[PDB]
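Student: Chains as they are written, first to last, in the working numbering: chain A, 113 to 308; chain B, 113 to 308.
Ideal Cβ placement from N, Cα and C applies to all residues, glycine included.
2 protein chains.
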Amino acid sequence: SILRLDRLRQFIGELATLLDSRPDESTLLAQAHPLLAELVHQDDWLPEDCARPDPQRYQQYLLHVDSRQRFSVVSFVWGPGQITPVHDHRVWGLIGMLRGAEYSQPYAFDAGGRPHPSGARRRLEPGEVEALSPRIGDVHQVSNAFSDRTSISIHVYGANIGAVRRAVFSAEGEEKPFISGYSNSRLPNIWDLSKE
Amino acid sequence: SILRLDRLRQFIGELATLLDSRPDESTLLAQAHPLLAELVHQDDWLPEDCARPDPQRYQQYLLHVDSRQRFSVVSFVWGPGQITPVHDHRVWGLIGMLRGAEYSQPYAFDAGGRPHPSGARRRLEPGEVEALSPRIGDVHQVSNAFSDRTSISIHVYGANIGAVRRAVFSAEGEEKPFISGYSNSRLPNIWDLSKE
Ligand SMILES: [Cl-]
Ligand SMILES: [Fe+2]
Ligand SMILES: [Fe+2]
Ligand code: NA
Ligand code: NA
Ligand code: NA
Ligand code: NA
């Protein structure tokens, strides 16, 4: 229909313009917050392909990578009742819920290296944005708040996320290196303005 | 084999860096010339979908658009004997032959505003790169050099080319506005390094 891809195009240039200032981390996050907020304020732009859950696993659909890999934009699609392992990120980020809701559980470790939840579980509603900086709390376990519907969140990461070597942590406290990869081997073409 | 997608990721990055120093047109073109030349020096990187001829029309497969739309990178696929009409561009651009060959005829205008071939036709061989710009010469007709095979060239343009309002030129020298648009509504995912 009127898939409104101009808001994706707008978010992307504006994040990039912002980044062209070499802002310090915390300024960057502060100033991007409203930008992602304006992008998830309404749910009328996300291409269908980039919204399909899987029955076995969550999906990360790559929407855009910056020419200099200063950021990537990803659509995180949880099927009903799905849950990630405990893992870190290693780059700045922002998350904004588009539809459904998700839970975020922060983690820390005992001197042995076993993880344990820390602070309580945050619930993220359609519309809300929280900045992540690894300089604060990098390790977490996230999950679909709902057990019976699809939830989707739009993420922004300060790198090509599917190139970042990060870590997943078992209950027993072993660090497994992982690289997330992407669900889609093709990105949507948000760029064909030959439609008006 | 495995596609050498890192050549493309590298080119994308390097040209954006170059663009970050705000060069003037002649320096941008002198410096970008070698970067594209390296990309089209060996033919081990273009995804197969982005190399597909059409029997009716030449194809324009979008590869990448820069976050701030400072450039875009397009794969231009010619089937046997295809030819464009006479047209302009209104942005700087570099063209780099990947496989096959294309003929280039620049055009100039007489006192009544009617276009005519200006100068000798230029043949573009694999690994060669030519520049174009309103300053340096913008109006031309291009065709596949062969009628017995496919030709591909890699085009870089200082805008989101398929959103740029340009024009084709009638024998009587009048515009007919056009916006090229892209043969592909999905872009290739160059970015999933977790392949290796
Ligand atoms: Cl030249
Ligand atoms: Fe995470
Ligand atoms: Fe042209
Ligand atoms: Na290269
Ligand atoms: Na190829
Ligand atoms: Na000329
Ligand atoms: Na493709």
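Should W303 of chain A be flagged as near chain B, meaning a C-beta pair shorter than 8 angstroms?
Tutor: For the purposes of this step, residue 303 of chain A is taken as the residue at position 191 of the first sequence. At least one chain B Cβ lies under 8 angstroms of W303 of chain A.
Student: What whole-angstrom Cβ distance do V189 of chain A and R164 of chain A have, given they're in contact under 8 angstroms?
Tutor: For the purposes of this step, residue 189 of chain A is taken as the residue at position 77 of the first sequence. For the purposes of this step, residue 164 of chain A is taken as the residue at position 52 of the first sequence. Yes, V189 of chain A and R164 of chain A are in contact; Cβ-Cβ is about 7 angstroms, under 8 angstroms.
Student: On the DSSP bridge assignment, give the partners of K288 of chain A in chain order.
Tutor: Reading the first sequence from its first residue, position 176 is the one you call residue 288 of chain A. Partner(s): A:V280.
Student: Hey, is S306 of chain B's beta-carbon within less than 8 angstroms of any beta-carbon in chain A?
Tutor: Position 194 of the second sequence, counting from 1, holds the residue named residue 306 of chain B. Output row for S306 of chain B: interface = yes.
Student: What's the gap between the Cα of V177 of chain B and the Cα of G225 of chain A?
Tutor: Residue mapping note: residue 177 of chain B aligns to position 65 of the second sequence, counting from 1. Residue mapping note: residue 225 of chain A aligns to position 113 of the first sequence, counting from 1. Going by the C-alpha atoms only, they are around 43 angstroms apart.
Student: Any heavy atom of ligand 1 closer than 7 angstroms to the CB of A149 of chain B?
Tutor: Working through the second sequence from its first residue, we reach residue 149 of chain B at position 37. Answer for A149 of chain B: no, Cβ out of range of ligand 1.
Student: Taking one C-beta from the region 209-218 of chain A and one from the region 165-176 of chain A each time, how about it: are there three or more such pairs within less than 8 angstroms?
Tutor: As far as the Cβ criterion goes, the region 209-218 of chain A does not touch the region 165-176 of chain A, which means the pair count is below three.
Student: My understanding is that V280 of chain B touches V203 of chain B, with C-beta atoms under 8 angstroms, so please give their C-beta distance in whole angstroms.
Tutor: Counting from 1 along the second sequence, the entry for residue 280 of chain B is found at position 168. Counting from 1 along the second sequence, the entry for residue 203 of chain B is found at position 91. Not confirmed; about 16 angstroms, so no contact.
Student: Is it buried or exposed for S263 of chain B, if we count other Cβ within 10 angstroms and need 16 for buried?
Tutor: Indexing the second sequence from 1 puts residue 263 of chain B at position 151. With 16 or more other Cβ atoms within 10 Å, it is buried.
Student: Take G239 of chain A as the anchor and find which of A:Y215, A:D155 and A:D132 has the nearest alpha-carbon.
Tutor: Within the first sequence, the letter at position 127 stands for residue 239 of chain A. Per the Cα distances, A:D155.
Student: What is the residue span of the alpha helix (DSSP H) that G125 of chain B lies within?
Tutor: Reading the second sequence from its first residue, position 13 is the one you call residue 125 of chain B. From DSSP, the alpha helix (DSSP H) with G125 of chain B extends over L117 to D132.
Student: For ligand 2, is there any heavy atom lying closer than 7 angstroms to the beta carbon of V254 of chain A?
Tutor: Position 142 of the first sequence holds residue 254 of chain A. Flag set: Cβ of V254 of chain A near ligand 2.
Student: Using DSSP's beta-bridge definition, name the partner residues of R182 of chain B.
Tutor: To locate residue 182 of chain B, count along the second sequence from 1; it is residue 70. Note: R182 of chain B sits in no beta bridge, so no partner.
Student: Under 7 angstroms between beta-carbons, which chain B residues line up against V177 of chain A? List them in chain order, please.
Tutor: Taking the first sequence and counting its residues from 1, one reaches residue 177 of chain A at position 65. Those within 7 angstroms of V177 of chain A in chain B are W303.
Student: So, are the CB atoms of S259 of chain B and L236 of chain B less than 8 angstroms apart?
Tutor: The residue labelled residue 259 of chain B in the question sits at position 147 within the second sequence. The residue labelled residue 236 of chain B in the question sits at position 124 within the second sequence. Not in contact: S259 of chain B and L236 of chain B (Cβ atoms no closer than 8 angstroms).
Student: Using beta-carbon positions only, say whether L175 of chain A and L299 of chain A come within less than 8 angstroms of one another.
Tutor: Position 63 of the first sequence, counted from the start, is the residue given in the question as residue 175 of chain A. Position 187 of the first sequence, counted from the start, is the residue given in the question as residue 299 of chain A. Yes, these two residues count as a Cβ contact at 8 angstroms.
Student: Check each candidate in B:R180, B:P218, B:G205 and B:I302 and name the one with the smallest Cα separation from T196 of chain B.
Tutor: As a working mapping, residue 196 of chain B is identified with position 84 in the second sequence. With distances taken between Cα atoms, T196 of chain B lies closest to B:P218.
Student: So, does the CB of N256 of chain A fall closer than 8 angstroms to a CB anywhere in chain B?
Tutor: If you number the first sequence from 1, residue 256 of chain A lands on position 144. No, its Cβ sits nowhere closer than 8 angstroms to a Cβ of chain B.
Student: If you follow the beta strand (DSSP E) that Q217 of chain B is part of, which residue opens it and which one closes it?
Tutor: By 1-based counting over the second sequence, the position of residue 217 of chain B is 105. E214 to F221 is the extent of the beta strand (DSSP E) around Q217 of chain B.
Student: So, are the CB atoms of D200 of chain B and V251 of chain B less than 8 angstroms apart?
Tutor: Position 88 of the second sequence, counted from the first residue, corresponds to residue 200 of chain B. Position 139 of the second sequence, counted from the first residue, corresponds to residue 251 of chain B. Yes, Cβ-Cβ distance for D200 of chain B and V251 of chain B is below 8 angstroms.
Student: Measuring straight from C-alpha to C-alpha, what distance separates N301 of chain B and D136 of chain A?
Tutor: Taking the second sequence and counting its residues from 1, the one referred to as residue 301 of chain B is at position 189. Taking the first sequence and counting its residues from 1, the one referred to as residue 136 of chain A is at position 24. Distance between the alpha carbons of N301 of chain B and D136 of chain A: 30 angstroms.
Student: DSSP three-state call for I114 of chain A: helix, strand or coil?
Tutor: Here residue 114 of chain A is taken as the residue at index 2 of the first sequence, counted from 1. Coil, per DSSP.
Student: Using only the alpha-carbon positions, how far apart do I273 of chain A and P159 of chain B sit?
Tutor: For the purposes of this step, residue 273 of chain A is taken as residue 161 along the first sequence, with counting starting at 1. For the purposes of this step, residue 159 of chain B is taken as residue 47 along the second sequence, with counting starting at 1. Cα to Cα, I273 of chain A sits roughly 21 angstroms from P159 of chain B.
Student: Grab me the residues of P229 of chain A's own chain with a C-beta within less than 8 angstroms of its C-beta, minus the 5 sequence neighbours each way, in chain order.
Tutor: Within the first sequence, residue 229 of chain A is the residue found at index 117, counting from 1. For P229 of chain A, where only same-chain residues beyond five positions count, the Cβ hits under 8 angstroms are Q217, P218, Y219 and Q253.
Student: Should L147 of chain A and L115 of chain A be called a contact, given that it needs their Cβ atoms to be closer than 8 angstroms?
Tutor: The residue given as residue 147 of chain A occupies position 35 in the first sequence. The residue given as residue 115 of chain A occupies position 3 in the first sequence. Result no, Cβ atoms of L147 of chain A and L115 of chain A do not sit closer than 8 angstroms.
Student: Our contact map puts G293 of chain B next to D118 of chain A with C-beta atoms below 8 angstroms; I'd like the distance itself, whole angstroms only.
Tutor: Residue 293 of chain B sits at position 181 when you count from the first residue of the second sequence. Residue 118 of chain A sits at position 6 when you count from the first residue of the first sequence. Between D118 of chain A and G293 of chain B the Cβ distance is about 16 angstroms, and since that is not below 8 angstroms, they are no contact.
Student: Since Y173 of chain B sits in a beta bridge, which residues does DSSP pair it with?
Tutor: The count along the second sequence starts at 1 and reaches residue 173 of chain B at position 61. Paired residue(s): B:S187.
Student: Identify whether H153 of chain B lies in helix, strand or coil by the three-state DSSP scheme.
Tutor: Here residue 153 of chain B refers to the residue found at position 41 when the second sequence is read from its first residue. The answer is coil: DSSP assigns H153 of chain B none of H, G, I, E or B.
Student: Give the residues of chain B in contact with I266 of chain A, contact being defined as C-beta atoms less than 8 angstroms apart.
Tutor: For the purposes of this step, residue 266 of chain A is identified with residue 154 of the first sequence, where counting begins at 1. The contacting residues do not exist; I266 of chain A stays about 16 angstroms from chain B at best.
Student: How long is the line joining the alpha carbons of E286 of chain B and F221 of chain B, rounded to whole angstroms?
Tutor: Within the second sequence, residue 286 of chain B is the residue found at index 174, counting from 1. Within the second sequence, residue 221 of chain B is the residue found at index 109, counting from 1. One C-alpha to the other measures close to 11 angstroms.
Student: Taking residue 309 of chain A as part of the beta strand (DSSP E), name the residues at either end of that continuous run.
Tutor: Outside the modelled stretch of chain A, which goes from 113 to 308, sits residue 309 of chain A, for which no answer is possible.
Student: Using C-beta distances below 8 angstroms, list every residue in its chain close to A144 of chain A, excluding the 5 sequence neighbours before and after it, in chain order.
Tutor: Here residue 144 of chain A corresponds to residue number 32 of the first sequence, with the count starting at 1. Closer than 8 angstroms at the Cβ level, and outside the excluded window around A144 of chain A, lie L127, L130, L206, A243 and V268.
Student: Any idea if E284 of chain A is buried or exposed, counting beta-carbon neighbours within 10 angstroms, 16 or more meaning buried?
Tutor: Numbered from 1 along the first sequence, position 172 holds the residue referred to as residue 284 of chain A. Exposed: under 16 other Cβ atoms inside 10 Å.
Student: Taking just the CA atoms, how far does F123 of chain A sit from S187 of chain B?
Tutor: Start at 1 with the first residue of the second sequence, and residue 187 of chain B comes out as number 75. Start at 1 with the first residue of the first sequence, and residue 123 of chain A comes out as number 11. The alpha-carbon atoms of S187 of chain B and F123 of chain A are separated by roughly 26 angstroms.
Student: How would you call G270 of chain B, buried or exposed, if buried means at least 16 neighbouring beta carbons within 10 angstroms?
Tutor: Start at 1 with the first residue of the second sequence, and residue 270 of chain B comes out as number 158. Counting Cβ neighbours within 10 Å, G270 of chain B comes out buried, since at least 16 surround it.
Student: Please name the residue, chosen from A:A223, A:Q194, A:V198 and A:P246, that lies closest to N256 of chain A on a Cα-to-Cα basis.
Tutor: Reading the first sequence from its first residue, position 144 is the one you call residue 256 of chain A. Nearest of A:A223, A:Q194, A:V198 and A:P246 to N256 of chain A, Cα basis: A:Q194.
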